[PDB]
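# Chain and residue survey
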Amino acid sequence: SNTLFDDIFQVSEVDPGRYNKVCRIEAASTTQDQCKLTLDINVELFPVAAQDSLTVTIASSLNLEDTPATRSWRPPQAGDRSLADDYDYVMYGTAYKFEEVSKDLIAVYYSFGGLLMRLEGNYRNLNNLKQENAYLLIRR
Amino acid sequence: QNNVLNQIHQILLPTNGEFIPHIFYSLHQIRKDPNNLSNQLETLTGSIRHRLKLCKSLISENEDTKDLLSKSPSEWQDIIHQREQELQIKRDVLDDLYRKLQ
Amino acid sequence: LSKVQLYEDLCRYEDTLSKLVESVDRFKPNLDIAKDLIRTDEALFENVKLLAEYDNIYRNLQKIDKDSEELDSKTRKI
Amino acid sequence: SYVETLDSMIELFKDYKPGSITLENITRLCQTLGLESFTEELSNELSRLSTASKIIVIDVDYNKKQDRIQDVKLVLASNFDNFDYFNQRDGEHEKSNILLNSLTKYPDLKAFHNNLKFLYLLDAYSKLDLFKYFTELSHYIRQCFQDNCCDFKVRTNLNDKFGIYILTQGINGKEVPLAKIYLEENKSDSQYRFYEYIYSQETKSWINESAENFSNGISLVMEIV
């Protein structure tokens with residue numbers, strides 16, 4: 001429910017690869033000099049250019065109320081309130097690796113249906129991420 | 001000075017860091033480098049947590065001490081005082097034969 | 001384990017210290033749980049003192065258990 | 001954030017119960033606040049512990065056999081060696097120091113906790129000598145309260161604890177504690193230069209006298225007994 005991770009990243013590089021709808025972005029934090037991000041984005045739905053400031057958030061759930069997927073996903077009814085309302089591009093995915101880059105840096109790997117993300121940073125603001133399912137919310 | 005009572009007493013209250021001194025010494029040691037993963041305090045208190053498991057094993061493996069720990073000390077003192085006079089009546093119906101023989 | 005008073009005492013002492021070390025490892029420590037651990041400390045320490053009393057009541061209970069059994073042996077042999 | 005709350009929880013662990021009377025308890029209790037103490041071993045049974053930073057030198061002789069101390073030695077490197085670290089109470093005129101009383105009566109470290117922190121806060125700011133200031137503050141406040149024609153009798157180091165105790169004579173004829181006047185530190189702000197009180201003989205008030213001697217972030221306050 002609550003925000004597991006929130007930061008602002010500066011998109012250093014955008015690589016289309018061999019794809020037409022998905023681009024892999026290299027970004028680094030505007031505040032920290034150590035928290036960086038590799039991220040696959042459907043740029044057809046959310047175009048991203050270089051030198052872009054993206055607010056990036058990882059949450060455990062989209063509902064505003066605190067936590068009390070295994071539940072079947074349903075189309076959003078008219079008037080439903082969610083954390084996605086304040087952001088532009090929301091993916092949902094599974095954490096599949098917790099790598100230890102150095103004595104201070106941990107990298108967390110997420111798969112949003114095959115769209116991969118690697119969030120590398122020091123552990124005292126990445127400690128909220130655990131081996132679970134998370135929502136990635138991106139706004140410009 | 002029962003044996004297992006002595007072992008649990010001198011593993012729970014050493015004659016050193018009981019539970020708090022090791023942990024605040026460790027969290028004072030974090031001040032040198034708060035960004036080292038081998039400097040987690042869980043790594044340093046894992047030995048203490050294994051000592052807790054050893055205390056649980058030493059408590060569980062012994063049975064008469066387990067029976068002793070079940071009732072309050074006032075209850076044990078009252079029950080031993082109220083079970084003494086049964087032995088007193090056993091002794092007096094034992095040695096009334098002394099006055100019966102004369 | 002539900003009948004002995006020391007067992008649950010060290011259970012919630014261990015629980016308070018484990019949640020405190022989890023909180024400081026997650027970098028959000030709490031003082032209410034520190035006060036709760038303070039409340040659990042005195043029960044542990046005077047329970048250790050009454051366990052030192054338990055040693056003495058065990059040895060004197062053993063002394064009168066053995067004089068009980070030898071007087072029973074005396075009665076059956078006579 | 002994190003350093004502040006770890007210092008608050010170790011302060012709270014200090015405030016609750018810092019162990020029973022052992023030499024290693026004394027070492028860790030002194031080492032919590034970052035002031036160094038050192039111990040020495042005469043033999044397998046006798047030891048001494050000494051602590052000194054700039055002015056105060058405290059020493060305690062511990063015995064491992066009895067788990068109890070035997071004697072203590074407290075000295076100051078300042079210009080005034082007549083500090084009131086003894087007990088001054090009505091009923092008897094015994095001259096035994098309050099640190100020895102605190103370790104010998106109480107089997108815990110709460111009284112020595114309070115006394116050791118008051119000693120350290122006096123030493124760290126003693127350039128105004130807080131020792132002699134607190135020494136004749138009792139006499140000054142007694143001479144002030146005698147002129148107020150009110151039943152305010154002054155003692156020092158009652159209930160095995162510091163401060164200046166103010167008392168009254170009751171029905172029983174024995175002095176009863178009411179209030180407490182003492183020195184306390186304020187964590188909200190530290191910019192107040194504490195000055196030295198001088199009681200005037202003419203206008204019966206307290207007038208500034210400090211020009212170079214000062215104390216940082218301390219105040220002289222009441223609390224009820």
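Positions are assigned from 1 on a per-chain basis following the written sequence, which can diverge from the numbering of the entry; residues without coordinates are not listed. All chains are assigned letters beginning with A, and all ligands numbers beginning with 1, in the order in which they are written. What appears here is a fragment of a larger assembly, so each number quoted concerns just the fragment shown. Note: side-chain values were computed over all heavy atoms of the structure, leaving out hydrogens and water.

Its PDB record attributes the structure to cryo-EM, giving the resolution as 3.0 Å.

## Side note on the overall build of chain C
Counting from the N terminus, the helices are DSSP H or I runs at least four residues long and the strands are E runs at least two residues long. For chain C, the count of helices and strands is two helices and zero strands. The quantity called the radius of gyration is restricted to C-alpha atoms. Its globule counterpart is 2.2 Å times the number of residues to the power 0.38. Over its C-alpha atoms chain C spans a radius of gyration of 22 Å, topping by over 25% the 12 Å that the globule rule assigns to 78 residues. Overall, the C-alpha framework of chain C stretches about 75 × 20 × 15 Å when taken along its three principal axes. Expressed as a percentage of its 78 residues, the buried residues of chain C come to 38%. Charged side chains of chain C number 14 positive and 18 negative; the gap between the two group centres comes to 3 Å. Note on classification: 1.4 Å probe, protein chains only; a residue is buried when its accessible area is under 20% of the maximum for its type, exposed when over 50%, partly exposed between these limits. The charge count treats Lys and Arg as positive and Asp and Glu as negative. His and the chain ends do not count. To locate a charge, the coordinates of NZ of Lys, CZ of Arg, CG of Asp or CD of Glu are taken.

## Remarks on the interface of chain C and chain B
It is common to give the size of an interface as the accessible area that goes away when the parts come together. Residues count as neighbours in contact if any of their non-hydrogen atoms are within 4.5 Å of one another. In this assembly, 31 residues from chain C lie in contact with 30 residues from chain B. The term salt bridge refers to a side-chain nitrogen of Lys or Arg lying within 4 Å of a carboxyl oxygen of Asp or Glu. At the boundary of chain C and chain B, one finds zero salt bridges. Think of a polar contact as two N or O atoms within 3.5 Å of one another; within protein, one of them needs to be a possible hydrogen donor and the other a possible acceptor, and neighboring residues in sequence only count if both atoms come from side chains. Our count for the contact surface shared by chain C and chain B stands at six residue pairs in polar contact. Taken together, the elements giving at least two residues each to the side of chain C that touches chain B come down to α1 (5-25) and α2 (32-77) of chain C. Here the element with the most residues in the side of chain C that touches chain B is α2 of chain C; it accounts for 18 residues. Ten residues, namely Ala, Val, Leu, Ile, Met, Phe, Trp, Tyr, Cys and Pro, are considered nonpolar, four, namely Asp, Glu, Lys and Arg, are considered charged, and the remaining ones, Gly among them, are considered polar. The residue inventory of the side of chain C that touches chain B, partitioned by class, reads 20 nonpolar, four polar and seven charged.

## Quick look at empty space enclosed by the protein
Estimates place the volume of the largest cavity at around 220 Å³. Lining of the largest cavity is provided by 17 residues; of these, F19, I23 and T45 of chain B together with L17 and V21 of chain C occupy positions nearest its centre. Residue assignment for the lining of the largest cavity shows that the elements contributing at least two residues are α2 (20-29) and α3 (41-60) of chain B together with α1 of chain C. Across the lining of the largest cavity, the residue classes break down as 14 nonpolar, two polar and one charged. The way it works is a 1 Å grid over only the protein atoms, where trapped points that fit a 1.4 Å probe form a cavity and open points with protein on both sides within 12 Å along at least five of seven lines form a pocket, and then any residue with an atom within 4 Å of a point lines it. Grid points are joined across faces, edges and corners, and a volume is the space filled by probe spheres set on the points.

## Observations concerning the sheet that holds strand β7 (residues 175-185) of chain D
Residue and element names in this part refer to chain D. Spatial strand order, β5-β6-β7-β12: four strands in an open sheet with antiparallel pairing. Taken across any chain shown, the strands that pair with only one partner, and hence form the sheet edges, are β5 (153-156) and β12 (218-224). Sheet twist, expressed as the average angle between the axes of neighbouring strands with direction ignored, equals 30°. DSSP calls a pair of strands paired once it identifies at least 2 bridges connecting them. The pairing of β7 with β12 spans seven bridges and is antiparallel. Looking at the pairing, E185 lines up with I218 of β12. What counts as an axis is a line fitted to C-alpha atoms, over the stretch in contact for a helix, and the angles between N-to-C directions run from 0 to 180 degrees.

## Quick notes on unusual backbone geometry
Residues and elements named next belong to chain D. Positive phi, normally seen in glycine, also occurs at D67, with a value near 55°. In this fold, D67 is placed in the loop between β3 (56-63) and β4 (68-76). Exposure remark for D67: the relative accessible area of 39% places this residue in the partly exposed category. Of note in the backbone geometry, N159 takes a positive phi value of approximately 60° without being a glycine. In this structure, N159 sits in the loop between β5 and β6 (164-169).

## Some thoughts on the packing of aromatic side chains
In this analysis, rings of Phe, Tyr and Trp, with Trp reduced to its six-membered ring, are considered paired at centre separations within 6.5 Å, and the interplanar angle assigns stacked below 30 degrees, edge-to-face beyond 60, and tilted for intermediate values. With the rule as written, the count across this model stands at 23 aromatic pairs over all chains. Measuring from centroid to centroid gives 6.2 Å for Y133 of chain D and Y197 of chain D, while their planes differ by 75°, and the two rings are edge-to-face. With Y133 of chain D in helix α5 (residues 130-146) and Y197 of chain D in the loop between β8 (193-194) and β9 (198-199), the pair connects residues that are 64 residues apart, well separated along the chain. Comparing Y133 of chain D with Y197 of chain D, the two get one shared label, buried. Over the ring of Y87 of chain A we find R139 of chain A; its NZ or CZ atom is 4.1 Å from the centre of that ring. Whether a charge sits over a ring comes down to the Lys NZ or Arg CZ being within 6 Å of the ring centre and within 35 degrees of the ring normal.

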